[PDB]
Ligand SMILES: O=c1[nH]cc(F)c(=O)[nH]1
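To begin, one chain is listed below as structure tokens, in the form solved without 5-fluorouracil.
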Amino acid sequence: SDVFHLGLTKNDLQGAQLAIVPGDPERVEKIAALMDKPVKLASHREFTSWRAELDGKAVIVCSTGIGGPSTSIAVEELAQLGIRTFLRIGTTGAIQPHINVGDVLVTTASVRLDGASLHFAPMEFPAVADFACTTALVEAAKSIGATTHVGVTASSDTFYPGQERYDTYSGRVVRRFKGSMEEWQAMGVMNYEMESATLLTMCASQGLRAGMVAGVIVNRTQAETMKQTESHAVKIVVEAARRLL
């Protein structure tokens, strides 16, 4: 292994320069399964990787685990091995009334409600997605006839307080986030997630390309259906990947 965590060597990537990055390790194989010559690479902690092929071009799929701390390790080490483009796929929950379940969200930039993001660039720096990646995702989404929403996402370091959830053990939410969800809505933020601030800030400030697409599987404001939503989101990302080789 040439990296301290992933358990991969550059040879395992076979000249790959693009990686699709889901959060959950179990979604790796299912993503790879849609490309050619898919094979397992490695699995260590939340990091399970696979390599496939798209138009004879090596492509890799690697899980990033939950959160920016995890994601920063995966991005950094893949970068070291040779990846230059990162496409994040994942399912999310919307905080906007006009964004319905089954909708597809492509993130232009993210609200930095995380911590790892500051380890790469000051807060004034925008956790913005790469343009090519974003156009690849936006175009792959329409080619499938998906109902898309291209905009701002709020990326939190917590699943609960940071997303203003009160159905918790303490029932309290620190001042900073009190009444925060309604403000994000008023500001047009589409959803909440937990890795895009880091992913987007890391890459945008270190010469790497990154983008993110997600399927909406539940809308806060208001089984097998979610099934198809992830199947289409994954479809969207693999097709966007083809354009970015």
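Heads up: residue numbers just count along the shown sequence, starting at 1.
Absent from the display: the form solved in complex with 5-fluorouracil. The rest refers to it.
Checked against 5-fluorouracil in the entry with it bound, the residues 91, 148, 96, 135 give one hit for a heavy atom within 4.5 Å, which is 91.
Residue in contact with 5-fluorouracil in the entry with it bound (any heavy atom within 4.5 Å), chosen from 125, 159, 131, 166: 159. Only one segment in the set 176-184, 34-42, 212-220, 54-62 has residues whose heavy atoms sit within 4.5 Å of 5-fluorouracil in the entry with it bound; it is 212-220.
A residue is said to contact a partner when one of its heavy atoms sits within 4.5 Å of a partner heavy atom; residue 194 meets this definition for 5-fluorouracil in the entry with it bound.
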